[PDB]
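Heads up: the structure comes next, in structure tokens.
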Amino acid sequence: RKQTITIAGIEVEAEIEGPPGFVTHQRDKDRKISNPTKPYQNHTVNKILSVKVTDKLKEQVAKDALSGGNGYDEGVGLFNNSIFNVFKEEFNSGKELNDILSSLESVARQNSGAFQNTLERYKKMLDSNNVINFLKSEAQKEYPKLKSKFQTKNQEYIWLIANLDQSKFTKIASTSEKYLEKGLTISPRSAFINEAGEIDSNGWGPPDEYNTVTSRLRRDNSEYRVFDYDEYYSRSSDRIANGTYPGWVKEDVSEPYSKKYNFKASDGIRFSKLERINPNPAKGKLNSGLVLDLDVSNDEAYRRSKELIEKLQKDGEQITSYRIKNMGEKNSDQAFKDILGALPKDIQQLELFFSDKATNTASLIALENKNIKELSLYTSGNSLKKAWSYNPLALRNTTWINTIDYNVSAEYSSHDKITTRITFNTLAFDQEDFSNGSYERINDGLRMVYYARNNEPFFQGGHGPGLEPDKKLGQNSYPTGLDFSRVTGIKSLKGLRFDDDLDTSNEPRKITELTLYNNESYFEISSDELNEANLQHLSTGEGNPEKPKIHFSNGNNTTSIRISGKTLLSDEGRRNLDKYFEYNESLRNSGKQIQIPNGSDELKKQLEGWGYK
């Protein structure tokens, strides 16, 4: 312990710790609910607990925020950036002082979002406040007269930034000094000057050996991916659509196969070869791979896909990637269980491109040996729509689901196709997961996501990790929706567990949303409401303005909750009945109850259970 590390060129003494290992339990192996081939770990690199800050270090961290340093934020520092450099070059021209007019024209024409974005980084100093004159170079003689002689506020305070002296700014602000004691240096892009003539920021970064995000993405792209690459970057939408990878080259080879298996180039079946540009002799695992492309929006490729997938198997030609494109694009009820079930028991890669006008992920691939560290769940539509679900049991013997290749931003054009991995906040169980009145297969599938594989990015849903994903599984995100629309016997959270069997080491999960099957205008329920699991449907937390949701597969539930059986409600029976009226809109509107003709009318608000509409 108690070593030295470098953080700004400067060598510094620091307290350093190794990342806690993911503790797998032997019950996570014997239920086949842990990762099937290799235990994943999220924190690949060490932690900095404290850094001995010194005058020599914090003035180096000051000079980097002014210059940009020599890293990625070079050319966006306080006195070396695109707006500051365009203003200094005009002051360096031979013209008279009123060329300030042309600098203002360079903020009205096209650049109105680069100024009024860089301006803020000076503005807290730039508004005079009885301080600005001490940080104003030789222009301190001109300022007190010339202040009266400006035609617009911007034309004035442009003349402050273009005449500030960099040599005055060797002081760090009180908050940004404490992040430096945690070992995170001011980002030169996030640096601003506050009121007191001192450098502060809205952003701080570790040294790259201590970055948790890029070291994880590097490790995943270099060893979990088939068609691996040495970088940490996600693939572009054009790379994802064309099926191309850094350090690999693609050739179309469809002609021999089209001649063997009798298809036209228009029939929507393709074969392509990938080969690594520098081959790797040192381990025989993969240097080239045959890839099968099936555009199932075509009707020849859909008709023949199962036949072709089997003719390639009995001929013994080996496929490294199957790519199934436009699933559900033409017809949203289009089935795939017969096609996905015809694929080999042992597969290197599977890319599925689902249509978001279908959002039909109902096909299930559990009873296999292996997806060899690749399943890609992709769309060319809206990938963060609340109607995106997976069955958690459908991934049981998939080693890694692709969670990189995330390509969503506000800055894309509308009306072009962009491809990305799906964000899932829903777990959706299917009818074959509830055969004998047993709740066993669901509690396995539920804990798979919520604890047994939770340290992996895919099982975290759309919000990602906490501070320590491998240790404190409770502090991490999870899919907060449950859908039971396919599994008609479930009426409640009865028989469902939301904690790890343990308790003192982890948070218990809370769901925000619950979809239930219903078939009639009445929600029929037994007197199990005494023992529906109660506090487990409570959003993320207790104080929130927005309450959690209940939904039904029909929406016709504007007739009552029909309460059946003779047994009286308890105190938690009352509390559970409230939630179905509160959390479901089309029940909330009138609060209607039905008691079928037995018992006392222990409740005082209901109809006599007619069943007529």
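A quick note on method: Cβ atoms are made from the backbone with ideal geometry, for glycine too, and the neighbour counts reach across all protein chains shown. What is reported rests on the model, the rules as stated and the sources as named; no laboratory instrument gave them.
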Matching residues, segment 431-448, being surrounded by 19 or more Cβ atoms within 10 Å (Cβ to Cβ) and assigned to a loop (DSSP other than H, G, I, E, B): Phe434
Condition (residue is outside any loop (DSSP other than H, G, I, E, B) and over 21 Å from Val23 (Cα atoms)) applied to segment 487-505: is it met by at least one residue? no
When segment 285-303 is checked residue by residue, the ones that are of a type in the set (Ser, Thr, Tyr) and part of a loop (DSSP other than H, G, I, E, B) are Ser297
The number of residues in segment 416-430 that are part of a strand (DSSP E or B), free of Cβ contacts under 8 Å to residues at least 60 places away in the same chain and farther than 23 Å from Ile490 by Cβ is 1
Step by step: first the residues of segment 159-184, then only those that are charged (D, E, K, R) and assigned to a helix (DSSP H, G or I), then the one that is nearest to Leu135 (Cα to Cα). Which residue is that? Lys168
(1) under 18 Å from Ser477 (Cβ atoms); (2) of a type outside the set (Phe, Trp, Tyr); (3) in contact with a strand residue (DSSP E or B) (Cβ under 9 Å, 6 or more places away or on another chain) all hold for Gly541 apart from (3)
Filter segment 382-409 for residues that are among the aliphatic types (A, V, I, L, M) and touching a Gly at 6+ places or on another chain (Cβ under 7 Å); which is surrounded by the fewest Cβ atoms within 10 Å (Cβ to Cβ)? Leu384
Select from segment 240-253 the residues that are buried (at least 16 other Cβ atoms within 10 Å of the Cβ) and more than 18 Å from the chain's Cα centre (by Cα) and write down the one among them that is nearest to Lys311 (Cα to Cα). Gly243
Do you know which residues across segment 457-475 are surrounded by fewer than 23 Cβ atoms within 10 Å (Cβ to Cβ) and either in contact with a helix residue (DSSP H, G or I) (Cβ under 7 Å, 6 or more places away or on another chain) or over 19 Å from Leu384 (Cα atoms) (or both)? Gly466, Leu467, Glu468, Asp470, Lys471, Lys472, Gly474, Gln475
Check segment 110-120 and report whether any residue there is over 30 Å from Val53 (Cα atoms), hydroxyl-bearing (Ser, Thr, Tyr) and out of contact with any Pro (no Cβ under 6 Å at 6 or more places or on another chain). yes
Taking the residues in segment 349-374 that are among the basic types (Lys, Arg) and surrounded by fewer than 18 Cβ atoms within 10 Å (Cβ to Cβ) as candidates, determine which candidate is farthest from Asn326 (Cα to Cα). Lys370
Can you pull out every residue in segment 34-67 that is within 30 Å of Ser167 (Cβ to Cβ) and not aliphatic (A, V, I, L, M)? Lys52, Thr54, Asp55, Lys56, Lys58, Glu59, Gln60, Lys63, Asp64, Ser67
Please verify whether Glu177 is closer than 30 Å to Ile48 by Cβ, surrounded by 15 or more Cβ atoms within 10 Å (Cβ to Cβ) and either assigned by TED's automatic domain parsing to the domain that holds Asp55 or without any contact (Cβ under 8 Å) to a residue 12 or more places away in the chain (or both), treating the condition exactly as stated. yes
Among (1) part of a helix (DSSP H, G or I); (2) of a type in the set (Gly, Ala, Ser); (3) surrounded by fewer than 16 Cβ atoms within 10 Å (Cβ to Cβ), the one test that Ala282 misses: (1)
List the helices (runs of 4 or more DSSP H) that sit entirely inside segment 21-117 and contain at least 2 residues that are surrounded by 15 or more Cβ atoms within 10 Å (Cβ to Cβ) and among the basic types (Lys, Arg). 55-67
If you go through segment 543-576 one residue at a time, how many are under 19 Å from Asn598 (Cβ atoms) and surrounded by 19 or more Cβ atoms within 10 Å (Cβ to Cβ)? 5
Apart from one, (1) of a type in the set (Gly, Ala, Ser); (2) without any contact (Cβ under 8 Å) to a residue 40 or more places away in the chain; (3) touching a strand residue (DSSP E or B) at 6+ places or on another chain (Cβ under 6 Å) all hold for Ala62; the odd one out is (2)
In segment 366-394, how many residues are of a type in the set (A, V, I, L, M, F, W, C), in contact with a helix residue (DSSP H, G or I) (Cβ under 8 Å, 6 or more places away or on another chain) and not in a loop (DSSP other than H, G, I, E, B)? 2
From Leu308, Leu352, which residue is under 18 Å from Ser272 (Cα atoms) and assigned to a strand (DSSP E or B)? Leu352
Take segment 244-265 and flag every residue that is assigned to a loop (DSSP other than H, G, I, E, B) and either touching a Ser or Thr at 6+ places or on another chain (Cβ under 6 Å) or free of Cβ contacts under 8 Å to residues at least 40 places away in the same chain (or both). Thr244, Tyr245, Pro246, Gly247, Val253, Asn262, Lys264
Select from segment 229-243 the residues that are in contact with a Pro (Cβ under 9 Å, 6 or more places away or on another chain) and either of a type in the set (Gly, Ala, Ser) or free of Cβ contacts under 8 Å to residues at least 40 places away in the same chain (or both) and list them in ascending order. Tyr229, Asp230, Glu231, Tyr233, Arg239
If we ask which residues in segment 1-10 are surrounded by fewer than 16 Cβ atoms within 10 Å (Cβ to Cβ) and in contact with a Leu (Cβ under 9 Å, 6 or more places away or on another chain), their number turns out to be 1
Does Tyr412 meet the test of being part of a loop (DSSP other than H, G, I, E, B), surrounded by fewer than 19 Cβ atoms within 10 Å (Cβ to Cβ) and without any contact (Cβ under 8 Å) to a residue 24 or more places away in the chain? yes
